[PDB]
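Next up, structure tokens for two forms of one chain, structure 1 and then structure 2.
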Structure 1
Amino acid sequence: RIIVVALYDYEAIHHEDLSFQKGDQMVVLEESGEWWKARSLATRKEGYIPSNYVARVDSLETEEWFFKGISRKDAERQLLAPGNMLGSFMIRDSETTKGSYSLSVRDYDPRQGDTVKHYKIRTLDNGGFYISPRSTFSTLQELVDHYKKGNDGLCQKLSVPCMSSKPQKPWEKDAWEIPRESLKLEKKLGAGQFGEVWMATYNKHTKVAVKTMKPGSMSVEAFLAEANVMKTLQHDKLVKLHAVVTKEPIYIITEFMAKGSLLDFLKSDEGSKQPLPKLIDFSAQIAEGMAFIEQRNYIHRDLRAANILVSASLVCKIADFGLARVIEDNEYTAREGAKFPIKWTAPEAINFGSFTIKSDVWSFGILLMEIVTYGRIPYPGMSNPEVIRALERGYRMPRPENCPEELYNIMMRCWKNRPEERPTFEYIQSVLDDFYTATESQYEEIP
């Protein structure tokens, strides 16, 4: 038997769904994707449940201060989000010590501003936990209640758990290739060379975005083969593909991103006021998404601020990854103008059609410049032939005002003419993740 407990709760959307409200317990036969086969005790009702709305009975996942499955970097971002207070905290699984735990606490000092401090929660051999040897606990709940009463060596006294919203409902099972009539297109968000993007409702009860490709732009079989790879590229910094309509005009259904593209955002009243540390955090988020793409031996092929999306909570998500590969070159698409932008494209991709993760790295450098200039066109004052000929002679965009030199150094490494000399996204991810926390210890060595 495998017994579980509901963390959040939500009611029916699909066929024979269950209706709990907040706190309830149940048993599950076995797992089927992310919709587990659910059996309830004090309900007599049988159905399916969202797997991300439940957790094991006597596991930490039931606790409001435990954040399962998040990274150190995402712990810092979550805690520094608006709505959290001094001493806001979470306990999470440790990244550098398997089976152990880490405490992350929101701190403030006038010198460094808003920071997050991390503490190693060590496990005792015969049960229990401690941060400092003089203060041991039987449970993590006892550790929390202790440090809620006084800092006792921590940077702050613990106040409230990090804020968190109910996660997105998992996509309906057996709903990969969906009928076009299941979608109501409600608001056109944009028009492009090869298609449009709509805000839409799926089956009357789910908000999504739909990219509607122009007729003649893709073939069903080639797109589906590629889309079946795209849908497996699941990462918090890539936009999620939910479903496709595999008939011309092909529709691509993804999660809806309230703030549009990063280009739109940086050029908006709100985005143009983001401070430089937030711009660098955007850069780190995209680099994390690209390091995942790199790890998966995939190629974006059209990386630019216009192809980064921004959530309501300012999460950057890579969009259109791989899509350029399945846009056909024929009489229909030719009428629409340039397929890829010269100013973003690595020279070997322009000259020989050699698109690799290394030509993505080049494009990422251009994107970094877009970010720090709040969406300025690359190579201002220069035509496309001028850019190509200048690059061949070692010209690179000069460092703009309000650009840290180390960020520019990353750009210059991305813009090596020889692709092999360009860094990995794994390397870029590490430098950007640790941009300001250089010359600092990873964990606080509390006495």
Structure 2
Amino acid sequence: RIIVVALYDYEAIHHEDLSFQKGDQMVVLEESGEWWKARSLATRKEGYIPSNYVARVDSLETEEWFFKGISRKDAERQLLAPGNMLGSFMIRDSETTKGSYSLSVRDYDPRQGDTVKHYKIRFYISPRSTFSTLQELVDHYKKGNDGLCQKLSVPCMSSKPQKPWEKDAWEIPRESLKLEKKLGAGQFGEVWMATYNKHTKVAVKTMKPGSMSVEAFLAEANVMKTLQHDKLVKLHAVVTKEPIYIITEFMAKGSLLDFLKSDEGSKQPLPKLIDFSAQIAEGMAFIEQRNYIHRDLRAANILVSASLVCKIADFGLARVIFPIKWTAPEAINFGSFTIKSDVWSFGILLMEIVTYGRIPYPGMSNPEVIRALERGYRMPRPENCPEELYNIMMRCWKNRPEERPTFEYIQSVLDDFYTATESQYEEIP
């Protein structure tokens, strides 16, 4: 008899899903993936619930201060999100010491500003203070800082998870959609803000009938679908009849390119710009890990969420279909696209980010650029760009692909650009 508990409020919007409130307990009847069958103890109704909107009762995930599967760097982004304060904290699974936990606390450093420190847990952080529940631990450091950089305020502001997409609805009939606003148009099709079945806001990329084979595309989209990561735009659905529509999560702030050239983007200081590029390299290290290739990495193909999360779009799309200024020389001269020619692209994108969306090689024609690279010319370091950031770009732009670093390596550098390794975690007497 498995009882679970609602972590958030949820309105049913389908045929057989249940409505419930934060606090409602439910009897799990079946665990079918993203949707589970359950019985609400509040309504006595049997139906479907999003499996990620609940956890087992008295389990750690029930706890406001607890965050499952969150990385040191993402923990750090969540505690620096609006609505937090000094002392804002959380406890999460540790990445390095697997099966163990860590505490992350919001701080103000004299030199650095608002930061987030991290401590390990073994339960104790320190010998002079042992506890038997993490809840025990938490209240102690809420009651004055027995060592820490700050005393524990209130738990981290939590996001509400995305609704899982309707069950068995990878292929949808065109009729389920209303394409309400054209967001972008181009050579290959359009992008629209849309609504699915009157309940869900989505984006749709409408593809113009092309090369093409629908059966060859649909085979690629199945692959695209399996590439699931916080830093890739999520594919929800596809309309299989020409013209093909691709349905994805909507991204409130549109493209990174358009966002950087906006007023809100102009206010973004360098460390945030870097954070962006680190988010992207994370997404790219994933793609690299899956032995996939992007083939069109640039700011136009990064999307931005309302809460400034950067997401990779159009991955592997180009295989199925003139940005030579983002294109590695071996991709231009021989059509040899690899994860390494993506690295090259990432370099240009990095320069794009730091110059708030400015066009690469400003005032240079595509041919002018190609000849320039042949002489070994590269874009010069802009004003606001730190030397070490510029060095990463130069490494991305090695003539030899194999001398270009990995995204895994790039991610690890970008991620900790302002933190010395020894300073990633804290020491406590």
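Note that the rigid core is defined as the largest set of C-alphas that superpose within 1.5 Å between two forms. Sequence positions of structure 1, starting at 1, serve as the residue numbers.
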{"item": "Residue from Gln156, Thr373, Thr254, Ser217 whose Cα, after superposing the rigid core, lies 2 Å or more away between the two structures", "value": "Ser217"}
{"item": "Core-superposed C-alpha of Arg396 shifting 2 Å or more between the two structures", "value": "no"}
{"item": "Per-residue C-alpha change between the two structures, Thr43, threshold 2 Å, rigid core fit", "value": "yes"}
{"item": "Distance moved by the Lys416 C-alpha between the two structures (core-aligned, Å)", "value": "0.8"}
{"item": "Per-residue C-alpha deviation between the two structures [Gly192; rigid core superposition; Å]", "value": "1.6"}
{"item": "Displacement in Å of the C-alpha of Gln442 between the two structures, rigid core kept as reference", "value": "2.1"}
